[PDB]
Amino acid sequence: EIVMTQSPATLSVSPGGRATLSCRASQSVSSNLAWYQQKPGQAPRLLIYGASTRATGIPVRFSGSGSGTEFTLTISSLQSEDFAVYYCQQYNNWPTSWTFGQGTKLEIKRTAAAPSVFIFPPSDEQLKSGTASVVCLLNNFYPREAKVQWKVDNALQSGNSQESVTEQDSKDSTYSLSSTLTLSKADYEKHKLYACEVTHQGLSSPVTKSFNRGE
Amino acid sequence: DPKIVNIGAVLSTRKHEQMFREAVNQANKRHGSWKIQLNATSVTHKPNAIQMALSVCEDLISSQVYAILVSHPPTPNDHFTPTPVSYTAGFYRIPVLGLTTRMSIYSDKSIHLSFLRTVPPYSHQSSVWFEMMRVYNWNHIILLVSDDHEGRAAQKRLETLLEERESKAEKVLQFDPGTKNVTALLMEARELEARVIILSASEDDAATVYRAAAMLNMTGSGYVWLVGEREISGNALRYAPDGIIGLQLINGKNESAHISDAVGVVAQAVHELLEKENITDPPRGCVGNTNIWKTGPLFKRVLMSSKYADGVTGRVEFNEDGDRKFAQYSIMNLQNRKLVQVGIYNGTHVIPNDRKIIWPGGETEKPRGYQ
Amino acid sequence: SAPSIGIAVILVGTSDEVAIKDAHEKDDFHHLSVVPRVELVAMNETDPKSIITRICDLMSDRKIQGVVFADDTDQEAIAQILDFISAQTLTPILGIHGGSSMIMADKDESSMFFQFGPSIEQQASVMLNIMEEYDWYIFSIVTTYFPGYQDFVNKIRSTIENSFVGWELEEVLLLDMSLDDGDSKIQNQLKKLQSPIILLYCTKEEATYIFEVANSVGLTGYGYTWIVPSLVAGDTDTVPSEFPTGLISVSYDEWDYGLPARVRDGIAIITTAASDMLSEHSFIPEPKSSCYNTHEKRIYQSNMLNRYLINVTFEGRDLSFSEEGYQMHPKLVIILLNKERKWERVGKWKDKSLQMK
């Protein structure tokens with residue numbers, strides 16, 4: 001009955017800066033809210049309960065306010081370990097209503113880095129089973145927002161491209177993107193030119209890597 | 001994570017101690033235990049009145065309780081029972097709730113300085129006499145109260161209520177307590193223009209007065225009596241003239257209900273108080289500490305103004321002295337040696353029943369109470 | 001030749017023990033045959049755990065028949081413990097100084113606890129007596145929910161018509177300071193009052209707030225010649241800093257009545273009563289050496305002492321107590337507040353006679 005909404009969907013900030021997230025109140029929640037901090041792959045933790053009281057064992061940087069009107073928090077003096085997924089929790093008609101939130105995504109701002117574009121043809125062993133795969137690798141680029149296009153004999157390819165993005169590194173906070181194709185042996189041998197086009201903000205011009213089958 | 005805030009209870013009848021523990025365990029389930037998880041700590045009564053004080057000091061030291069619940073022992077004498085508890089754990093000014101005691105000395109909030117009650121005292125029934133007086137159209141009453149702190153409170157309350165209406169009572173007699181011969185006072189009330197007689201005395205003295213009046217021809221046909229609750233139960237029941245109108249508190253013995261209500265009220269007060277900074281923990285250690293609890297009167301002030309929503313005994317308010325405002329009563333008549341209920345006192349007015357009433361000496365027709 | 005009457009002198013005020021030891025039993029009562037014993041006990045704790053245990057252990061030590069209690073704190077909850085322990089154990093005890101000298105409303109009807117100090121009615125009587133002398137006839141009273149307020153106004157009303165002088169009373173208040181969020185009502189009520197002479201009734205814990213709000217509103221400039229009882233003053237050496245100049249009050253004599261004199265006269269009263277009863281009836285009560293197990297130790301009632309301890313005179317003084325247990329004939333002094341925040345004595349009142357300067 002109370003849909004939990006936040007703003008914005010995603011937020012990127014530079015190190016040593018503040019961040020403000022607002023969790024919209026769809027109805028008149030008296031004083032109950034709770035913001036959670038979760039690192040990827042780990043269970044969340046408690047930060048605030050009652051919309052004003054800090055959780056025990058938490059640093060004093062975090063704070064918030066709200067008595068039923070668009071509860072908001074203000075984090076200051078942030079460091080590198082911050083910028084995780086932050087949720088909001090309400091409990092008005094507990095223990096029966098229990099409407100959860102969504103959780104905004106946070107990123108750390110960084111300077112643009114030119115991606116390292118690499119391509120990989122099949123190793124002649126996968127083709128024995130009747131399937132061929134082409135791997136295009138992007139290494140140490142920022143931001144993660146990049147466009148990768150596959151050019152098979154100068155033709156647009158769709159519906160057969162899989163992309164995997166690694167999490168931000170703990171050393172340089174970089175991103176990595178890998179493009180994997182899945183095509184049959186007969187289709188693979190019907191074409192000779194396979195190109196991987198990479199478009200990025202840190203590159204003045206798009207980078208395309210192409211190779212010829214059996215060459 | 002949560003700070004345990006344990007509360008005590010000196011109630012007897014160990015089964016009732018288990019009941020109190022279950023009550024507090026239910027109490028902390030409804031609210032939650034991420035910030036507050038209130039515990040339980042019970043102890044049983046002791047025969048003498050000094051070891052009781054020593055034991056209550058010991059458990060106060062050992063648990064640093066926030067409030068204490070006190071009930072009645074299984075061997076009556078329920079006047080000096082919660083005397084040591086109030087003195088001992090009011091020296092440090094920590095609240096104490098009385099569950100069943102009805103004596104009127106505890107309403108003096110200067111010798112105890114912290115005593116909340118869940119049952120109205122014996123002097124709060126005088127308003128029922130006034131309301132029934134107004135309803136039945138009697139206006140020439142005689143008081144026959146005793147000489148103690150118990151009769152004086154009732155006479156004071158009735159006198160103020162009467163003077164507020166620009167009326168007066170024909171006389172105010174007073175017999176010394178523990179007397180075995182009272183005939184002069186009965187004769188003095190005998191020669192007069194007043195018929196309504198109102199009693200306020202212990203059961204033994206009530207029996208003596210009933211015997212003296214029965215010896216004379218004073219329980220006749222137009223001598224409508226009026227008594228309270230302590231003059232109907234006990235040895236005074238069988239020595240009673242037919243048609244003696246009396247009252248009785250509707251729920252004054254079901255200790256389970258009072259335990260549950262007190263636990264609920266204390267839990268609400270505790271969960272309400274901690275939403276406030278600058279508080280101090282109670283003085284753990286009864287042998288070293290010598291000072292007043294810093295946030296002592298504040299806890300009493302926040303406790304004495306809590307309107308419990310709905311309980312087994314109903315709404316739980318608190319008169320501005322600490323004794324159970326807005327209680328109910330039941331009116332009975334001694335018909336054929338077996339009391340039968342007639343009417344009820346809803347706390348504001350009197351609702352007559354359908355069962356008819358037999359006045360003294362038969363005479364189903366109402367007596368005017370005058371000559 | 002009737003020795004061994006047991007009196008214990010409990011000391012908590014940490015005063016000079018030798019100074020009061022030199023006056024505890026220096027005199028030899030050749031008129032009364034009690035030849036009493038005393039035993040000074042010095043403590044530093046005022047907890048109810050230590051008081052009860054100490055008194056019970058002393059009763060178990062050697063057959064003591066009485067106790068005189070002293071104190072230095074202003075605690076109002078030691079008199080109650082003393083009264084209760086004197087009710088359960090029939091040994092009569094007297095409070096002479098400090099926290100055990102604040103008048104309790106009504107003692108346990110089976111108890112023997114006699115204190116030093118004046119009641120509420122006597123304070124009102126002397127307060128009206130000073131008012132009559134300088135002819136400040138018109139007056140008004142404001143009170144709260146405190147002991148004797150009904151008795152205070154009843155004593156005022158009882159003597160207002162038995163005298164031919166024309167008192168003209170106006171206005172009465174019942175409001176108490178325990179109300180929550182009712183400050184607007186109290187402010188309106190105190191702003192309403194404009195009477196020439198006002199007699200207040202409140203205590204320092206609440207009197208601080210009462211004085212603060214009265215000064216904040218502004219009804220404290222010149223014409224507000226307040227008159228207050230002893231308990232408003234509290235401690236002379238300490239001032240709550242509101243205290244409008246011109247305050248007058250009556251307080252028990254605390255400067256010319258030293259601790260040794262109080263100890264001496266308490267021992268004297270107990271010994272005189274015991275010796276008189278011993279001479280008349282030729283027996284003396286003796287409780288068992290069990291403090292806790294007094295349930296069956298009350299076989300011998302000791303109400304004869306209670307009827308023989310309230311009428312005693314010696315050295316030309318009347319030390320007669322009353323049924324409620326107050327002094328019934330104290331010595332009261334009147335003090336005044338000058339420009340500098342300090343109190344100054346003016347006169348002395350004794351035997352219903354006022355002698356001022």
# chains A, B, ... in the order shown; residues from 1 in each chain; ligands from 1
$ select_by_dssp --residues "stretch 121-150 of chain A" --states "strand (DSSP E)" --output "list in words"
residues 131, 132, 135, 136, 137, 138, 139, 140, 141, 147, 148, 149 and 150 of chain A
$ closest_atom_pairs --of "stretch 27-126 of chain B" --to "stretch 253-266 of chain B" --cutoff "12 Å" --atoms "only C-alpha atoms" --output "JSON lines"
{"residue": "B:27", "atom": "CA", "partner": "B:264", "partner_atom": "CA", "distance": 6.4}
{"residue": "B:28", "atom": "CA", "partner": "B:264", "partner_atom": "CA", "distance": 9.4}
{"residue": "B:29", "atom": "CA", "partner": "B:264", "partner_atom": "CA", "distance": 11.5}
{"residue": "B:30", "atom": "CA", "partner": "B:264", "partner_atom": "CA", "distance": 10.3}
{"residue": "B:31", "atom": "CA", "partner": "B:264", "partner_atom": "CA", "distance": 10.7}
{"residue": "B:38", "atom": "CA", "partner": "B:266", "partner_atom": "CA", "distance": 10.3}
{"residue": "B:39", "atom": "CA", "partner": "B:263", "partner_atom": "CA", "distance": 11.3}
{"residue": "B:40", "atom": "CA", "partner": "B:263", "partner_atom": "CA", "distance": 10.3}
{"residue": "B:65", "atom": "CA", "partner": "B:266", "partner_atom": "CA", "distance": 11.9}
{"residue": "B:66", "atom": "CA", "partner": "B:266", "partner_atom": "CA", "distance": 9.3}
{"residue": "B:67", "atom": "CA", "partner": "B:266", "partner_atom": "CA", "distance": 7.7}
{"residue": "B:68", "atom": "CA", "partner": "B:266", "partner_atom": "CA", "distance": 9.5}
{"residue": "B:69", "atom": "CA", "partner": "B:262", "partner_atom": "CA", "distance": 7.6}
{"residue": "B:70", "atom": "CA", "partner": "B:259", "partner_atom": "CA", "distance": 9.5}
{"residue": "B:71", "atom": "CA", "partner": "B:255", "partner_atom": "CA", "distance": 8.2}
{"residue": "B:72", "atom": "CA", "partner": "B:255", "partner_atom": "CA", "distance": 9.2}
{"residue": "B:73", "atom": "CA", "partner": "B:255", "partner_atom": "CA", "distance": 11.5}
{"residue": "B:74", "atom": "CA", "partner": "B:253", "partner_atom": "CA", "distance": 11.9}
{"residue": "B:95", "atom": "CA", "partner": "B:266", "partner_atom": "CA", "distance": 9.8}
{"residue": "B:96", "atom": "CA", "partner": "B:266", "partner_atom": "CA", "distance": 10.2}
{"residue": "B:97", "atom": "CA", "partner": "B:262", "partner_atom": "CA", "distance": 7.3}
{"residue": "B:98", "atom": "CA", "partner": "B:262", "partner_atom": "CA", "distance": 8.8}
{"residue": "B:99", "atom": "CA", "partner": "B:258", "partner_atom": "CA", "distance": 5.9}
{"residue": "B:100", "atom": "CA", "partner": "B:253", "partner_atom": "CA", "distance": 7.3}
{"residue": "B:101", "atom": "CA", "partner": "B:253", "partner_atom": "CA", "distance": 10.2}
{"residue": "B:102", "atom": "CA", "partner": "B:253", "partner_atom": "CA", "distance": 11.4}
{"residue": "B:116", "atom": "CA", "partner": "B:262", "partner_atom": "CA", "distance": 9.9}
{"residue": "B:117", "atom": "CA", "partner": "B:262", "partner_atom": "CA", "distance": 9.2}
{"residue": "B:118", "atom": "CA", "partner": "B:258", "partner_atom": "CA", "distance": 7.1}
{"residue": "B:119", "atom": "CA", "partner": "B:258", "partner_atom": "CA", "distance": 8.9}
$ atom_distance --atom1 "atom CA of residue C:104" --atom2 "atom CA of residue C:257"
21.6 Å
$ residues_around --residues "residue C:122" --least-positions-apart "4" --cutoff "12 Å" --atoms "only C-alpha atoms" --output "PyMOL selection string"
chain C and resi 117-118+126-129+148+151-152+155-156+159+229-230+250-252+326-332+349-352
$ interface_residues --of "chain B" --to "chain C" --cutoff "9 Å" --atoms "only C-alpha atoms" --output "PyMOL selection string"
chain B and resi 47-51+53-54+57-58+83-84+87-88+90-92+108-112+286-291+301+305+320
$ interface_residues --of "chain B" --to "chain A" --cutoff "12 Å" --atoms "only C-alpha atoms" --output "list in words"
residues 1, 2, 3, 29, 30, 31, 32, 34, 35 and 275 of chain B
$ closest_residue --among "A:13, A:137, A:2, A:48" --to "residue A:76" --atoms "only C-alpha atoms"
A:13
$ residues_around --residues "residue C:315" --least-positions-apart "2" --cutoff "12 Å" --atoms "only C-alpha atoms" --output "PyMOL selection string"
chain C and resi 29+31+265+268-269+272+312-313+317-319
$ decode --residues "stretch 217-244 of chain B" --atoms "N, CA, C and O atoms" --output "short mmCIF file (atom, residue, chain, number, x, y, z; two decimals), in the first residue's frame"
data_model
loop_
_atom_site.label_atom_id
_atom_site.label_comp_id
_atom_site.auth_asym_id
_atom_site.auth_seq_id
_atom_site.Cartn_x
_atom_site.Cartn_y
_atom_site.Cartn_z
N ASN B 217 -35.14 -1.70 69.15
CA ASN B 217 -36.08 -1.79 68.03
C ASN B 217 -35.75 -0.76 66.96
O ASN B 217 -36.61 0.01 66.53
N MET B 218 -34.50 -0.75 66.51
CA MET B 218 -34.02 0.25 65.56
C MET B 218 -33.93 -0.26 64.13
O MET B 218 -33.84 0.55 63.21
N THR B 219 -33.95 -1.58 63.92
CA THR B 219 -34.05 -2.13 62.57
C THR B 219 -35.51 -2.47 62.24
O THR B 219 -35.87 -3.60 61.94
N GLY B 220 -36.35 -1.44 62.32
CA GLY B 220 -37.78 -1.62 62.18
C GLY B 220 -38.29 -1.57 60.75
O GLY B 220 -37.78 -2.29 59.88
N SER B 221 -39.29 -0.73 60.50
CA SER B 221 -39.93 -0.65 59.19
C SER B 221 -39.55 0.58 58.39
O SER B 221 -39.74 0.59 57.17
N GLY B 222 -39.04 1.63 59.03
CA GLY B 222 -38.68 2.84 58.32
C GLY B 222 -37.29 3.33 58.65
O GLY B 222 -37.07 4.54 58.79
N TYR B 223 -36.33 2.42 58.80
CA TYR B 223 -35.00 2.76 59.27
C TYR B 223 -33.92 2.39 58.27
O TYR B 223 -32.93 1.76 58.65
N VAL B 224 -34.09 2.75 57.00
CA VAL B 224 -33.22 2.32 55.92
C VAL B 224 -31.74 2.59 56.22
O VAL B 224 -31.34 3.74 56.43
N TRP B 225 -30.94 1.53 56.23
CA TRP B 225 -29.51 1.61 56.52
C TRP B 225 -28.72 1.84 55.24
O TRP B 225 -29.26 1.89 54.14
N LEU B 226 -27.40 1.97 55.40
CA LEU B 226 -26.48 2.18 54.28
C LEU B 226 -25.07 1.89 54.76
O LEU B 226 -24.63 2.48 55.76
N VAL B 227 -24.36 1.01 54.07
CA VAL B 227 -23.02 0.59 54.46
C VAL B 227 -22.13 0.55 53.22
O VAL B 227 -22.54 0.92 52.12
N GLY B 228 -20.89 0.10 53.42
CA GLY B 228 -19.93 -0.02 52.34
C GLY B 228 -19.65 -1.46 51.95
O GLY B 228 -20.57 -2.24 51.74
N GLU B 229 -18.37 -1.81 51.84
CA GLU B 229 -17.95 -3.15 51.45
C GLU B 229 -17.38 -3.97 52.59
O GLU B 229 -17.64 -5.17 52.66
N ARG B 230 -16.62 -3.35 53.49
CA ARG B 230 -16.02 -4.09 54.60
C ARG B 230 -17.03 -4.50 55.66
O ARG B 230 -16.69 -5.30 56.53
N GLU B 231 -18.25 -3.96 55.61
CA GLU B 231 -19.29 -4.28 56.58
C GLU B 231 -20.32 -5.26 56.03
O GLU B 231 -21.44 -5.32 56.53
N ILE B 232 -19.95 -6.03 55.01
CA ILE B 232 -20.84 -7.04 54.45
C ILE B 232 -20.13 -8.39 54.45
O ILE B 232 -20.78 -9.44 54.57
N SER B 233 -18.81 -8.38 54.39
CA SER B 233 -18.02 -9.59 54.26
C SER B 233 -17.33 -9.93 55.58
O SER B 233 -16.78 -9.05 56.24
N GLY B 234 -17.37 -11.21 55.94
CA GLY B 234 -16.70 -11.67 57.14
C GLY B 234 -17.65 -12.05 58.25
O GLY B 234 -18.74 -12.57 58.00
N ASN B 235 -17.24 -11.79 59.50
CA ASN B 235 -18.09 -12.10 60.65
C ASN B 235 -19.34 -11.24 60.69
O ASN B 235 -20.31 -11.61 61.36
N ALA B 236 -19.35 -10.10 60.00
CA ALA B 236 -20.48 -9.18 60.06
C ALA B 236 -21.60 -9.55 59.09
O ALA B 236 -22.64 -8.87 59.09
N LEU B 237 -21.43 -10.58 58.27
CA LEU B 237 -22.48 -10.94 57.32
C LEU B 237 -23.68 -11.57 58.02
O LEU B 237 -24.83 -11.22 57.73
N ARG B 238 -23.43 -12.50 58.94
CA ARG B 238 -24.53 -13.22 59.57
C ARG B 238 -25.24 -12.37 60.63
O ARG B 238 -26.42 -12.61 60.91
N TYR B 239 -24.55 -11.40 61.23
CA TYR B 239 -25.19 -10.45 62.14
C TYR B 239 -25.54 -9.20 61.33
O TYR B 239 -24.87 -8.18 61.39
N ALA B 240 -26.63 -9.30 60.57
CA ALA B 240 -27.03 -8.19 59.73
C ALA B 240 -28.54 -8.16 59.57
O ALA B 240 -29.14 -9.20 59.30
N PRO B 241 -29.17 -7.00 59.72
CA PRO B 241 -30.61 -6.90 59.49
C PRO B 241 -30.94 -6.99 58.02
O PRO B 241 -30.19 -6.54 57.15
N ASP B 242 -32.10 -7.59 57.74
CA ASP B 242 -32.56 -7.72 56.36
C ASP B 242 -32.73 -6.35 55.73
O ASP B 242 -33.17 -5.40 56.38
N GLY B 243 -32.39 -6.26 54.45
CA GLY B 243 -32.51 -5.01 53.72
C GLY B 243 -31.36 -4.04 53.86
O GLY B 243 -31.55 -2.84 53.64
N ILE B 244 -30.17 -4.52 54.21
CA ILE B 244 -29.01 -3.66 54.37
C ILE B 244 -28.38 -3.45 53.00
O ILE B 244 -27.88 -4.39 52.38
#
